[PDB]
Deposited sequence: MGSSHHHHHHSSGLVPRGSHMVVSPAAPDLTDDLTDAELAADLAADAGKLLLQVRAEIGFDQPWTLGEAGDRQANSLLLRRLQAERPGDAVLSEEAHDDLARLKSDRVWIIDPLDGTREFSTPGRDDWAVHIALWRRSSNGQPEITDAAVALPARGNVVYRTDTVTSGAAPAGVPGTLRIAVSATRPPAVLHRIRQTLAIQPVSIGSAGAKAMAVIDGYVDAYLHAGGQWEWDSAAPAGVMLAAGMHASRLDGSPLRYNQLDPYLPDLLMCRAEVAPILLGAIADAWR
């Protein structure tokens, strides 16, 4: 009794869901294997989604769910609590032998509005789970994580004035966690993305006392009618002014 103020907290549930989906994805990878990457990716997406939706209905039956892998009935627009999930982020990388740059994203949005609780699993990295309740708090040259598939064109403009080495990595979750780890200084994206790509990484980023915003510096906004959310900057706080400034100056 009195577990907090099964019965998990929202953050504990986010972490457990991310880990559980992580393990299932690892099982799918081992069972289906890499002969047909399309088949492997589809199975991972579908099975992880099924697990997550089943558990969210069982354990949070009153909460809305927005998932990449399910139809969106928009009931969430009237809810005060919405899980925003990417059952497998970096499906491409998951489907490729030896790649560890893929993730599970589990975010809870609560009306106010904020991502209040979140977890990001990197299942191939020992199924590590970064979570909002346990994550902790000028360089002459910047390492910036960018998509290994569709890197943002805006990076080329800012590189005229800032010394930057782009670090190509798959998955939004993997790139955001690379910022937390200190493997890169920043993660920059533009050109398109969805709420579930950034919601859990943003929640973790902000809980770590780091910076997460749109490229124009405005807050990342979630549970919108159109869950397209095309650009982001996630980085150490001190680096934010430098990069947001360069982005802004690119429009001069």
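*Asks:* From the N-terminus onward, what segments of the deposited sequence lack any C-alpha atom in this model?
*Replies:* Several regions go unmodelled: 1-5, 11-31, 139-142, 168-173.
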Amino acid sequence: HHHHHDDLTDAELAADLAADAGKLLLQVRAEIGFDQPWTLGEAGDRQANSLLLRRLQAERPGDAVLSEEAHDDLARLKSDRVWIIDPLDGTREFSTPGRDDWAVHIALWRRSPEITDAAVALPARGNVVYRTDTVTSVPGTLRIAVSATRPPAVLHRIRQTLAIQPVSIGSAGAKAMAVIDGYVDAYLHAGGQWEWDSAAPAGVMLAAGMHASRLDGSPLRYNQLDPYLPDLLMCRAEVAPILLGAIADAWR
From here on, numbers count along this sequence of modelled residues.
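Take the two forms, find the largest set of C-alpha atoms that superpose within 1.5 Å, and that set is the rigid core.
*Asks:* Output the stretch, either 114-122 or 144-152, that has more C-alpha displacement from this form in 5 other deposited structures of this protein following superposition by the rigid core.
*Replies:* Checking 114-122 against 144-152 in 5 other deposited structures of this protein, I find the farther stretch is 144-152.
*Asks:* So, looking at the entry's B-factor column for Cα atoms, which has the higher mean, 240-248 or 18-26?
*Replies:* It is 240-248 that shows the higher mean C-alpha B-factor.
*Asks:* Identify the stretch, either 47-55 or 207-215, whose C-alpha atoms have the larger mean B-factor according to the entry.
*Replies:* The stretch with the larger mean CA B-factor is 207-215.
*Asks:* Just grab whichever of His105, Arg143, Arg111, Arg125 has the top CA B-factor as deposited.
*Replies:* If I rank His105, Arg143, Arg111, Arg125 by C-alpha B-factor, first place goes to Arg111.
*Asks:* Checking the entry, which one of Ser147, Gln160, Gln165, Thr91 has the top C-alpha B factor?
*Replies:* Top of the list by C-alpha B-factor: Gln160.
*Asks:* Looking at the entry's B-factor column for C-alpha atoms only, identify whether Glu69 ranks in the lowest, middle or highest third of its chain.
*Replies:* Answer is lowest: the recorded C-alpha B-factor places it there.
*Asks:* Ranked by Cα temperature factor within the chain, is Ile85 in the lowest third, the middle third or the highest third?
*Replies:* Ranked within chain, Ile85 CA B lands in the lowest tercile.
*Asks:* What third of its chain, lowest, middle or highest, does the C-alpha temperature factor of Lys78 fall into?
*Replies:* CA B-factor rank for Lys78: highest third.
*Asks:* Would you mind checking where the Cα B-factor of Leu220 ranks among the modelled residues of its chain, as the lowest, middle or highest third?
*Replies:* Middle third by C-alpha B-factor.
*Asks:* Comparing against every modelled residue in the chain, figure out the third that the C-alpha B-factor of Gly33 lands in (lowest, middle or highest).
*Replies:* For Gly33, whose C-alpha B-factor we compare with every modelled residue in the chain, the answer is the highest third.
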